[PDB]
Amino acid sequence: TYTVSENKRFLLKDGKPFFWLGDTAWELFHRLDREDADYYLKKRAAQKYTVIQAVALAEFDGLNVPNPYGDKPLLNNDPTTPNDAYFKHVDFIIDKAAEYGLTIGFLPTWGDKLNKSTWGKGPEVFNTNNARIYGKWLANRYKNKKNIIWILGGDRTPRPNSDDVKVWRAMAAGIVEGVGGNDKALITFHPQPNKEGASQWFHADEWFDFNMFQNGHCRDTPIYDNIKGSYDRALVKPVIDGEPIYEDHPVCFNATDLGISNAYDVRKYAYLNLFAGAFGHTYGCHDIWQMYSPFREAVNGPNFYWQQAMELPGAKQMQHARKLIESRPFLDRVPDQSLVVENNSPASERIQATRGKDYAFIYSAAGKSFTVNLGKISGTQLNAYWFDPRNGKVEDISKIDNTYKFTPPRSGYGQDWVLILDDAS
């Protein structure tokens, strides 16, 4: 179903351009019964999402705390012997998401089942032997599903001088064996924050189909450099932010001094990642991924129970980013910072520009004015517009000869605007 584009910068769904729009639902299989999961999936489909990242061996004591129907995932906590009773619910949620046109970003396991670290519950069960057997059992079970994109890892940097990299590579094999070829599965890796993303360990790996980042969860960080670093690699492979700052998440993991994120944050992450080269974007909400509920232990102070948190504003605004990207020639899009004079503004007021051949999007993060170099896209005249990332509306500026300074309608904190340039022909 899912392949890399011919230009090796985007993903396809049955040959056609596929826009990755993700919601982060780590504990979906772990904490949502059949009625809950139908409720969550039907709503997210209405909001124009396409990817749902979820974890089979969840983070919240995923092995020893059973799913809503009382079943644990691994018989004797042994990865070589998964519990078919638990994965019957995994089958249900995968098939339900397919009914809503939703692709599951499937994480075979959270990282704490390999490396607990100081905060993980674990217990650690994976080695280089059972990871492959585990990966094969999953790949053989779902080799005929058409709405699965595989996601190894889970918030754990491979420990130096360890078997961690080997374990993930062994799990990638067996997955590839289970489905029957590198072509029969799309696979990436979810990392902890770093400067190279998952590509730090797996970029040259034949099974590694596209790089993924965890940019965040801070404010004013130059996330465009992280995307650019993977885009400018001589080995061309697509790139995406698999975990930006979450809505209703403590800023920089420091709520005491810095409080809680806002919708402006999730929009800045979404547009800066996309305009720097990302083929899509995964949205996340602190309340959603952990499925915040009064009857289950939470972490890191979520504020909205998950049914309400689905209606948060940042969740509702990602469809505007989807609408914007799909309006113009998809495969021709490229990051081009030479499109403006102020190509290296600070993150808080970043001017980030993307373009194809007959169009150009330029994101002004704090609504500051920018001057655009006009020798860059085709045409002798160019249409100009403003696109409101909060509501998705568009307003006309003028038609300009193809060097020119533009001013967003408003400027200041929360006044992010994107300029739409179009070949008049």
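The first residue of the shown sequence is 1; numbering continues from there.
- Unmodelled residues of the deposited sequence between residue 415 and residue 416: none, the chain being continuous.
- Of the two segments, 132 to 140 and 254 to 262, the one listed with the higher mean B-factor is 132 to 140 (C-alpha atoms only).
- Legend: mean Cα B-factor per stretch from the PDB entry, 279 to 287 versus 202 to 210; the higher mean is in 202 to 210.
- Annotation for 167, 125, 339, 152: 339 ranks highest, by Cα B-factor.
- The residue among 32, 58, 41, 374 whose C-alpha carries the highest B-factor in the deposited model is 374.
- Compared with the other modelled residues of the chain, the Cα B-factor recorded for residue 62 ranks in the lowest third.
- Residue 345 sits in the highest third of its chain by CA B factor, as recorded in the PDB entry.
- In this PDB entry, the Cα temperature factor of residue 161 sits in the middle third of its chain's modelled residues.
- In this PDB entry, the Cα temperature factor of residue 313 sits in the middle third of its chain's modelled residues.
- Among the modelled residues of its chain, residue 146 has a C-alpha B-factor that falls in the highest third, as given in the PDB entry.
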